[PDB]
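Engineer: before I ask anything, here's the sequence and the deposited coordinates:
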Amino acid sequence: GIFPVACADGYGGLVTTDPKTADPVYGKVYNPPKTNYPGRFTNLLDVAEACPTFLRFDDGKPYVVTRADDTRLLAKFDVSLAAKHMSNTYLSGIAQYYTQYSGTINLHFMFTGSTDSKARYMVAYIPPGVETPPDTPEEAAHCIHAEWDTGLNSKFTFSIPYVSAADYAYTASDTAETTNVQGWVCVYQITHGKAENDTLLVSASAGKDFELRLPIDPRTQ
Amino acid sequence: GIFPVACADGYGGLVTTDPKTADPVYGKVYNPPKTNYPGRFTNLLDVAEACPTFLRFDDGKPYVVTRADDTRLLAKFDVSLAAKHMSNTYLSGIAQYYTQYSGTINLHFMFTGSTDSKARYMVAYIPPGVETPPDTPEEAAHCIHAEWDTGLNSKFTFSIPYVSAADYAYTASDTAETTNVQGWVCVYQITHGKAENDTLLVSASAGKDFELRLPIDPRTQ
Amino acid sequence: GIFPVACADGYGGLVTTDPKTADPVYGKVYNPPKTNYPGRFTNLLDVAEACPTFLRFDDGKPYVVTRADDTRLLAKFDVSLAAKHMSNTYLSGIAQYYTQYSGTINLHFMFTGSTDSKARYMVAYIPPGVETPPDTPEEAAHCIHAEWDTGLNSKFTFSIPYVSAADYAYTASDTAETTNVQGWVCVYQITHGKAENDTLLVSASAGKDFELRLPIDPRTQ
Amino acid sequence: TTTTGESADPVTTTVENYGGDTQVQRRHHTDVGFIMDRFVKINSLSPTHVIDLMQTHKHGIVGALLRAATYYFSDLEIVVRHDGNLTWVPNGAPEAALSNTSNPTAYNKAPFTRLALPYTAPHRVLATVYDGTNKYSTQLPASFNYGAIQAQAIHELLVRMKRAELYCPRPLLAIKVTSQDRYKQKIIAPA
Amino acid sequence: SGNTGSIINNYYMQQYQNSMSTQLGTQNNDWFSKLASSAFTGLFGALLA
Amino acid sequence: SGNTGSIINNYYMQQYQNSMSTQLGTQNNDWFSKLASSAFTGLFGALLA
Amino acid sequence: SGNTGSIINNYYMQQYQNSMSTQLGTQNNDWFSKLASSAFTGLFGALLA
C-alpha cells in the first residue's frame, strides 16, 4: 500500500507574503564576489537614526526665520509622521509603509546666524488634551521643554517623548481626526540680539527606541 | 522517483470545530505586554462557583416573601437548568451551551429581615417518582432536607444532590417531559414571628463536582 | 522548494472494510465508567462453545422420540451448518457470516425419560462416499461411532470429526450439491425398555478446534 | 452552613453536610481557551469588511461567551469564500491599502481560503464594551479590530479565536421562560 | 484493535480520535471466555482402551 | 492549548504561526481560580452527628 | 533569513535553491549599523540636576 493523505480544503493558495520558497530549476550558479562592498545597511532604522533629514516650513524651506516683530512662536506642528512639516523627511518616507509605531523621535536645531547674531530658543512638547497649542513661551513653560542659546555649538538636539494611552500609535491620520492625536511641538524664540533674518535649520531622526511595526503597502498604484 | 501518496476520499473538508491550524501569512508580530492583567478566568465553572446569581420568583423578584396566611410552601421549582426560576442565573446562562451535566448545584438563602423579624425555614429535595411535590413540611420531612433559623448569620447554603439513574443528565427539557425528570426543590416556612413582609433572597452556584459536557450552539440565529 | 509527491491513480477510494480511521472533530469526551460490566464476550466462538443450542427435528421439536415400531433410525441429517436440523442453532446463526470453516462440532444428547424408561443409543458419522446413509446400526457400526445407555447421567456428548480433502469447507451449500459434501450423522436406537414416547433432546456446540474464516454479508437486504 | 452573606465571601457547601460523597469532575469542556476555539459565522458582509469580533451573533456560543467578558485577547483564524483574490490588511491601515497586492493577498483557490492571523491592535487587550464619554477627537473605538479584508465579493466569513484570554466576566443570559415551570423544546430522539 | 492495520502512529491525539474511557475501582472480565475454558473436557467414569 | 490535537509538530515557526507575547516584569494569575478555591467549605458552628 | 518560516529543512540542495555567493579575501560590514551605534548620546558641557 502507500501513504494515505488528506488534501485539506482552504490550504495551498498562493499568498503574496507567504513564508515558503519556490522549487528551483537552474542550478549551480556561483556569483561574482561582492565581499566588503561599501555602504551596506540592514535595517532601515539604522539609517533613519544616523542620517537626519529636514522638516518643511513656510514657503517650503528647511528652516525657520527669526521674527523681528513681537511674535515669539517660530513654528508649530503636529507630532505625526503624516505631519505636513515631516512630509519631506526620510523618517516619514519609511513610516508610510508601516501601520504603527512607538518611540522617541529626535529633532535637531542648527543655527545658521552670523558670529554677531545671538539668540535663545525653546522647544516644548504639548501633549494632547488641550484645545490649541499655546503661542506663548510662558504658557508652554509648563510642559516638557528645553531652552538653549546660541554659541560655539551650532546644533541642539531634543527628543520628543512617546507619551500616549496605547503602547503603539498609528503612523497615519484618519480624516475624522480633528486635533492631532499625539499632540504638538512648538518652537519659540525667547529673544535675539541682531539676529533678524537669520535662520534655524531643523531636521529629524529616529531615537534609540523608535520602532515601526506592521508593514503596509498603501500608496495608489 | 518521488513519494507515492494516495489522496483519500472523505477527508480534507473543512470542519468548524476541527483540531488543525491554518497556514500563517503575516509573521513576526510582538504584542504589547499584558502581564498580570486583572480579573482573568480560565474555566467558566470557576466563576460559576465563586459568583452566585439570583433565582426568579413570582412577579420577577430575586426573593421570596414570608406568608402571613396559613400556607407554608414558600416556593417550589424544577431541578432543571431550564427551570423558569433558574432562567436568570449565570449558571443557566452557561448550561445552555452544553448538552449534559452532573454534580452538585448549591442554593443560598439570605434573610433580609429586621433584627426583630424571626423565622425558621426548611429546604428539601424531592427526587422524582412522586406525582406532585408535597405542600407540607410534614410530608417533605421524609426527604433529604435541612432546616435553619434566623440569627446573627444571614446566609444559609444547601447543596442539591445529583441523584439519577444515568450518570449524566440533559440540561434541556423535552416537550414530552411532563413531570421534571430530576425532581423538585421545595422551600417551606416552618414559622416566623413578626416576619410578615420580610424577604428571603435565594441564589445559586455550582458545587465542587458540578460538571458540564458536550458543547452545543442551540440558540436561534 | 517543497516536497514533491505523486498522487497515485487507483488509490484513495473509500472501501467499507478498510483499515484506516476518520479524522476527528469533537474532542475530549470522557465516558461514564463501565468497569466490570457483566456478561461480556470477545469472541463469538467462546459463546458458541459454552452455550449449546437445539437442533430441529420432525414437526419442529428440539428432540427425537423413541420409536415403538421396528425402525431403529431415530434421525439422520447432513453434516452442514446449512442443514435444516441445524437451522435454529446459534452455531448456524454465526456460521452464515463466514465462508469457510473447519473443526469439531459437538453434539449433545439428553434423555428426558422417566426413571423406569431405559434405552441404548448409537450415533455415527457417515463420511461422504456412500450413496445413502445406512438405516441400520449394523451397517453404520463400521463407521466412527459411539453407543451409550440411559442411567444416572442424562447427557452424552459426541464430537463430529472434521474429515475432508481440503483443509477448509464451505459453510454454505451449492444448489448443484446432490449428496451433502461432508457426509451425515445418524442417530439410532439399539433398544429400549418401556421407553415409548420418551424423548431425547439434542443440541450442538462448537468444539475446541472449531474455526470460521472469511467474513461475509450474504442475507437479502 | 450559615455565614455572613453580606461580606460576599464565597461559600461552597458539599453534600457531605448531610451524609453524601462529593464526586470527581472533569471540566475540560468549560475551559475558556478550548470553548472559544471553534469557528463562528459573521453575518453582515460586504466586498470590503473590517474584522470585528463584535459582529458575531450575540446568542451564538462564541458570541454569547465573548460578551460575558469585559476584556479579551486572541490571535485569529479566518475562512473566507470569495470571488477574485483576497487581500488582508493589519489594524491601523488606510482603507486604500486593500487594493494593493503586496499586502498579504491570497490568490483565489477553491472552495475558500483559510488563514492564520495575528492580534494586531495597538492596545494590550481589547474590550467588548467601552464606557467612553467620547473616545473621539454603543460605539466601540475604531482601533478595536483585527484588520480588514477585501475581494471582488465576499460570500462567507468564519472567524476563529486562537489562544483566547477572557477577563472580568459579565452577565450571560439564557432564553427567557414564559412557561410556568421549564423551557421545554424538542430534543433529538430516534424515529 | 480489530480491523485497523496502520503501521504509522496516528496524527491526531488520542483524546480526539476516541472518547476517553474512565474507571471507578480493560481487564480479563470475559465471562464467556472463562465460561468456555471451564468446560468439562475429560470423560466421566472408567476407561478401557 | 484548547481544541488542537495534532500529534506532529508544526511545520511553520512559532513566530509566524502566532503573535509573540511579550512581558514587562502565562502565570497563576487566575483571579477566579483563586477565588473559587478560597470558598468556605466547612460548617460554621458546633456539630451533633 | 527574512520572511521565511519553514521549520523543516529544504528538499532541494542549497546549490539549486539559491545562487552560491563567492569571496575573494556575510561579515559585520554594516556601515550604517556602525554609523548609528557611533552616535553621540551624552551631553556636551557641565550638568546641574
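Structural biologist: Yes, it's here. Numbering: from 1, shown residues only, chains lettered A, B, ... in the order given.
Engineer: check contacts around the residue of chain D found nearest chain C.
Structural biologist: Residue of chain D nearest chain C, by C-beta to the nearest C-beta: residue D:28 (4.6 Å). C-betas here are computed from N, CA, C, even on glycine. By C-beta atoms under 8 Å, 6 or more residues apart in numbering or on different chains, residue D:28 lies in contact with C:28, C:30, D:34.
Engineer: phi and psi next, for residue 17.
Structural biologist: No chain in the question, so chain A it is. phi -120, psi 20 (degrees, to the nearest 10).
Engineer: my bad, the chain I had in mind was chain E
Structural biologist: Given degrees, to the nearest 10, the pair of backbone angles that residue E:17 has is phi -70, psi -40.
Engineer: next one: it from chain A, what distance?
Structural biologist: 14 Å (C-beta to the nearest C-beta, to the nearest Å).
Engineer: report the separation between the residue nearest to that residue when sequence neighbours are not counted and residue B:31.
Structural biologist: Closest residue to residue E:17 apart from its sequence neighbours, by C-beta to C-beta, 6 or more residues apart in numbering or on different chains: residue C:24 at 5.2 Å. Residue C:24 sits 31 Å away from residue B:31, going by C-beta to C-beta, to the nearest Å.
Engineer: equivalent analysis for residue A:203, please.
Structural biologist: 33 Å.
Engineer: so which elements touch the lengthiest helix in chain D?
Structural biologist: Longest helix in chain D by number of residues, with DSSP state H as the criterion: helix D:61-67. Other helices and strands packing on helix D:61-67, by 3 or more C-beta pairs under 8 Å, 6 or more residues apart in numbering or on different chains; DSSP states H and E, are strand D:39-41, strand D:153-169.
Engineer: of those strands, which approaches chain F most closely?
Structural biologist: Closest of the helices and strands packed on helix D:61-67 to chain F is strand D:153-169, at 6.6 Å (criterion: C-beta to the nearest C-beta).
Engineer: could you pull out the buried residues of that closest one?
Structural biologist: For strand D:153-169, the neighbour count (16 or more other C-beta atoms under 10 Å in any protein chain shown) marks D:154, D:157-169 as buried.
Engineer: what of stretch E:11-25?
Structural biologist: So, applying 16+ other C-beta under 10 Å, buried residues of stretch E:11-25: E:11, E:12, E:13, E:15, E:16, E:17.
Engineer: what about the nearest residue to the third one once chain neighbours are set aside, how many neighbours?
Structural biologist: Same thing as residue E:13. Leaving aside its sequence neighbours, residue E:13 sits nearest to residue F:5 (C-beta to C-beta, 6+ apart; 4.0 Å). Neighbours of residue F:5 under the rule other C-beta atoms under 10 Å in any protein chain shown: 18.
Engineer: quick one: residues contacting residue F:5.
Structural biologist: B:19, C:24, C:27, E:12, E:13, E:15, E:16, E:17.
Engineer: helices of chain A, residue ranges please.
Structural biologist: Going by DSSP H, chain A shows helices at A:44-50, A:90-95, A:137-140.
Engineer: likewise chain E?
Structural biologist: Under DSSP H, chain E gives helices at E:14-17, E:31-37.
Engineer: which elements pack onto the shortest one?
Structural biologist: Secondary structure elements in contact with helix E:14-17, counted by 3+ C-beta pairs under 8 Å, 6+ apart, are absent; no helix or strand qualifies.
Engineer: on that earlier part again, for the helices of chain A, which one sits closest to residue C:174?
Structural biologist: Counting by C-beta to C-beta, residue C:174 lies closest to helix A:44-50 out of the helices of chain A; the figure is 85.9 Å.
Engineer: rewinding a little: of all the helices of chain A, which lies closest to residue D:47?
Structural biologist: Proximity to residue D:47 (C-beta to C-beta) singles out helix A:90-95 among the helices of chain A, at 28.6 Å.
Engineer: quick one, helices of chain D?
Structural biologist: Taking DSSP H to define them, one finds helices in chain D at D:32-35, D:61-67.
Engineer: got a markdown table for those helices, with mean neighbour count too?
Structural biologist: Output for those, formatted as a markdown table (neighbours: other C-beta atoms under 10 Å in any protein chain shown):
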| stretch | mean neighbour count |
| --- | --- |
| helix D:32-35 | 22 |
| helix D:61-67 | 22 |
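Engineer: got a markdown table for those, with distance to residue B:94 too?
Structural biologist: Converted to a markdown table, the helices of chain D look like this (distance: least, C-beta to C-beta, whole Å):
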| stretch | distance to residue B:94 |
| --- | --- |
| helix D:32-35 | 10 |
| helix D:61-67 | 8 |
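Engineer: looking at those, which is nearest to residue A:78?
Structural biologist: The closest of the helices of chain D to residue A:78 is helix D:61-67. By C-beta to C-beta, the value is 36.4 Å.
Engineer: gap between whichever residue of chain E sits closest to chain F and chain A?
Structural biologist: Chain E approaches chain F most closely through residue E:16 (3.6 Å), counting by C-beta to the nearest C-beta. As defined by C-beta to the nearest C-beta, residue E:16 lies at a distance of 15 Å from chain A.
Engineer: quick one: closest of the helices and strands packed on helix D:61-67 to chain A.
Structural biologist: Short answer: strand D:153-169, nearest of the helices and strands packed on helix D:61-67 by C-beta to the nearest C-beta, at 10.0 Å.
Engineer: wait, does the closest one make contact with chain A?
Structural biologist: No. Using C-beta under 8 Å from any C-beta of the partner chain, strand D:153-169 stays clear of chain A, coming no nearer than 10.0 Å.
Engineer: in its sheet, what does that strand sit against?
Structural biologist: strand B:40-41 (antiparallel), strand D:39-41 (antiparallel), strand D:69-83 (antiparallel) (DSSP bridges).
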